[PDB]
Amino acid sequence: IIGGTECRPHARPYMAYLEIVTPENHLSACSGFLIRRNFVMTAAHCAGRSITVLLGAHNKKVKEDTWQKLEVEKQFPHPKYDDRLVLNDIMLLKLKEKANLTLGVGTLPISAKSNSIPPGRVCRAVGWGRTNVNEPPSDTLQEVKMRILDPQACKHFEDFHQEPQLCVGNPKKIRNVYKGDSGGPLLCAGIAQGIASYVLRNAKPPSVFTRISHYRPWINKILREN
């Protein structure tokens, strides 16, 4: 999160820190959020050989009672995900065990198929990514305000599509998401409306987020049969 602020400790109990072993066998990390006791939502480009889920944390370097580290039982990257174009970048992770909805851990309601967000609205991105281009991933959970822009502000991204994606972040500001924030939710009025997908290497906004409402039917099917 760039230009953000540190979140209040355990104020967003649905946030998940993901440690990934990529298919290329590289060690990586992403953000994510719990939408049901045994299902975490995140970005498809965070898929891999194995994945661990850490819930109930604020500072990933400080172990606390609220900590709940769960293994991922099954990965559900969107069937139409395209790594080259980075399209349909959304994934559902079924946990080996159900998380305990006690203190520090809770779920996050997601947007309805026809309850999406209109340009102009100010939402909040939340993740564990880098606080800047050459800065390290933040130990503490961060959050920053970002405005939804008209799809035209993202025409410089040759593979962008307003239907399944969102154009977020006033280009005149530094506020934005970056490496490590993928899978994190974009909230507007306490509801997850998007998922951080990709950004510009120099961190200049806006950025692209997966529009959750567009995949509501697919998400429901997974949660229905699992």
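Numbers for residues come from their place in the sequence shown, where the first is 1.
Two stretches are in play, 202-210 and 20-28, and the higher mean C-alpha B-factor belongs to 20-28. Between the stretches 189-197 and 48-56, it is 48-56 that shows the larger average CA temperature factor. As recorded in the entry, 85 carries the highest CA temperature factor of 85, 141, 122, 92.
In the deposited entry, the Cα temperature factor of residue 112 places it in the highest third of its chain's modelled residues. Sort the chain's modelled residues by C-alpha temperature factor and residue 157 lands in the highest third, per the entry.
Sort the chain's modelled residues by C-alpha temperature factor and residue 173 lands in the middle third, per the entry.
In this PDB entry, residue 7 carries a Cα temperature factor that places it within the middle third of its chain's modelled residues. The deposited CA B-factor of residue 70 belongs to the highest third of values across its chain.
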